[PDB]
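Here, each number is a calculation from the coordinates, and none is a lab measurement. Note that each Cβ is placed from the backbone with ideal geometry, even for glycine, and that neighbours are counted across all protein chains shown.
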There are 2 protein chains.
Amino acid sequence: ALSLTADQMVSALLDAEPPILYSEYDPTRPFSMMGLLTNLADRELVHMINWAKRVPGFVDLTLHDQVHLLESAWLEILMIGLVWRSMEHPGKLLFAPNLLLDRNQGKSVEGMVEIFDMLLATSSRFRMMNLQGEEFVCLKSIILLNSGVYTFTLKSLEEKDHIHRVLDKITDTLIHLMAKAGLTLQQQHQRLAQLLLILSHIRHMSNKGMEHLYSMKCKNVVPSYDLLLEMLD
Amino acid sequence: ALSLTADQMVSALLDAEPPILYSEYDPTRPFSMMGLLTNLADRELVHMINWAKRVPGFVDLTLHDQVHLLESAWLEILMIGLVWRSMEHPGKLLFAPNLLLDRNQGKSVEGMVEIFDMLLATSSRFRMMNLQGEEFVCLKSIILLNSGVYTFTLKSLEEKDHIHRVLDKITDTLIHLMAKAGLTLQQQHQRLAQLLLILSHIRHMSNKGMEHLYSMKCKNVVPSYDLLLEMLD
Ligand SMILES: CC(C)CN1CCc2cc(O)ccc2[C@@]1(C)c1ccc(/C=C/C(=O)O)cc1
Ligand SMILES: CC(C)CN1CCc2cc(O)ccc2[C@@]1(C)c1ccc(/C=C/C(=O)O)cc1
């Protein structure tokens, strides 16, 4: 994991990529948006667990630390996947290939249009930077590893140290991709920063979305510790 | 602003630095924690406005964009200042030189100890990285410029472009500082990433803290648009 080259890191991440899922609704019936979106998110989470298990370094950690990292990152990870899928659909969010929604469609649930707008703006930003696939898979792994690493014993100290070393390797990998594409050393550092700074915004979006979900006050919304632990164990 | 050298950027930021304020309580009287903390934050905000006005590039923007950026960033900026002040006080938060508080003192307000713990962990992280003063002032300017830039006309497009160019200059400046301290090119990129990734955590802390403040349901808590506009105008 720490012994991987940049090219091997990129290949491993590209190979771990989850599939694009479809919404479950009968397309022959007239057109619950939140029901459809929740069911989709539920099914995505299962594939997210399998993906996480394939990110180099992640299964080197304890089970309890894997659960903590996923608990902190899951909504950010769904969000960055959505934004990526939506990049070539200006003004629309591609929740699934059969569920491409605009901001006006978001207005049907109190509080949702604000979150829709933020996600659309992030997609616009990705389009302006011309984000590449190989850069995207790196960023998504950085989110997994970083989002919970500040909120966790000798074992904990070793785990945090390992997470930081894996993150360094992903940083090396990003810069290598940018070097391969022909950017100058200045451009490399500038773009690295531009990418990492978007991750703060993805965090913000996730916090706003978690507030929405918690506000539903429902046991069948937001995956519990125990459900994540059961799927990861 | 865009014509500044790295060294001139660092000098301008170091010169803009606000003062360290004191809590207002009679030290001869027996020991309201939230009252003291709110009064301190109120007075800090005034100095924050003056600081912001001295960050290169910031007064090149429209008044409405300056207000938006401050509205998005103010709590992150107070938080990164607190964490910096607290760096050489393991297990304590130096809200002011006469108000140095531990996690047990946070437990006196429902919900506060969790936020205290996060801030202490960030201080610990800064101590482990050995963050320098010159790096800190850069990060604080990046927060000002970046936090609201994804949530904003031809003028808006020009403003966002300018913000991104100033952010590039701050990135150049960081790397120059790291080059001046003798780090290799690898170490430079690795540390740049490590620093920027902590900014996601500061965002998260701020969202958690904003949720606390809004939950108070009080007109004399959280600065309004109009108050920020009045102070900035
Ligand atoms: C308000 C946000 C939490 C809505 N998010 C936006 C990001 C996103 C990305 C997806 O790829 C699929 C769905 C979503 C939704 C629409 C969403 C996320 C989670 C849930 C509920 C999950 C649960 O209750 O366990 C519902 C909608
Ligand atoms: C719950 C958090 C919002 C508490 N924060 C933590 C960061 C911080 C940094 C300071 O340097 C000074 C105070 C604080 C406090 C304790 C804080 C921040 C804002 C307010 C209220 C501001 C307002 O009501 O306008 C109260 C406490």
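The residue pairs whose first member lies in the stretch A:140-167 and is β-branched (V, I, T), whose second member is surrounded by 20 or more Cβ atoms within 10 Å (Cβ to Cβ) and not in a helix (DSSP H, G or I), and whose beta carbons are closer than 6 Å, counting only pairs six or more residues apart or on different chains, are A:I163/A:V149; A:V166/A:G57. Scanning the stretch B:30-40 for residues that are surrounded by 12 or more Cβ atoms within 10 Å (Cβ to Cβ) and under 30 Å from B:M178 (Cβ atoms) turns up nothing. Pairing each residue of the stretch A:210-221 that is closer than 14 Å to A:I115 by Cβ and among the charged types (D, E, K, R) with any residue that is part of a helix (DSSP H, G or I) and more than 7 Å from ligand 1 (Cβ to nearest atom), provided the two are 6+ apart or on different chains, yields C-beta distances under 9 Å for A:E211/B:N207; A:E211/B:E211. Residues that are more than 7 Å from chain B (Cβ to nearest Cβ) and under 15 Å from A:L139 (Cβ atoms) within the stretch A:173-195 comprise A:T173, A:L174, A:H176, A:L177, A:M178, A:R191, A:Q194, A:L195, listed in sequence order. When the stretch B:48-72 is filtered for residues that are within 16 Å of ligand 2 (Cβ to nearest atom) and surrounded by 15 or more Cβ atoms within 10 Å (Cβ to Cβ), the ones remaining, listed by number, are B:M48, B:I49, B:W51, B:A52, B:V67, B:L70, B:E71, B:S72. Could you list, in sequence order, the residues of the stretch B:122-165 that are among the polar types (S, T, N, Q), within 10 Å of chain A (Cβ to nearest Cβ) and within 18 Å of the chain's Cα centre (by Cα)? Within the stretch B:122-165, B:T122, B:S124, B:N146, B:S147 meet the criteria.
Considering the stretch B:1-92, the qualifying helices (runs of 4 or more DSSP H), each wholly inside and each with 3 or more residues that are among the polar types (S, T, N, Q), run over B:33-52. Does A:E76 count as more than 9 Å from ligand 1 (Cβ to nearest atom), within 14 Å of another protein chain (Cβ to nearest Cβ), surrounded by 14 or more Cβ atoms within 10 Å (Cβ to Cβ) and charged (D, E, K, R)? When the stated conditions are applied, A:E76 passes them.
Pairs meeting the criteria (first residue in the stretch A:107-121 and away from chain B (no Cβ under 12 Å), second residue surrounded by fewer than 19 Cβ atoms within 10 Å (Cβ to Cβ) and not in a loop (DSSP other than H, G, I, E, B), beta carbons under 6 Å, at least 6 apart or on different chains) are A:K107/A:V113; A:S108/A:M33; A:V109/A:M34; A:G111/A:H212; A:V113/A:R103; A:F116/A:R103. B:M210 passes every criterion in (1) more than 7 Å from every other protein chain (Cβ to nearest Cβ); (2) within 16 Å of ligand 1 (Cβ to nearest atom) apart from (2). Residues of the stretch A:21-52 that are closer than 30 Å to A:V166 by Cα and more than 10 Å from ligand 1 (Cβ to nearest atom): A:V46, A:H47, A:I49, A:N50, A:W51, A:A52.
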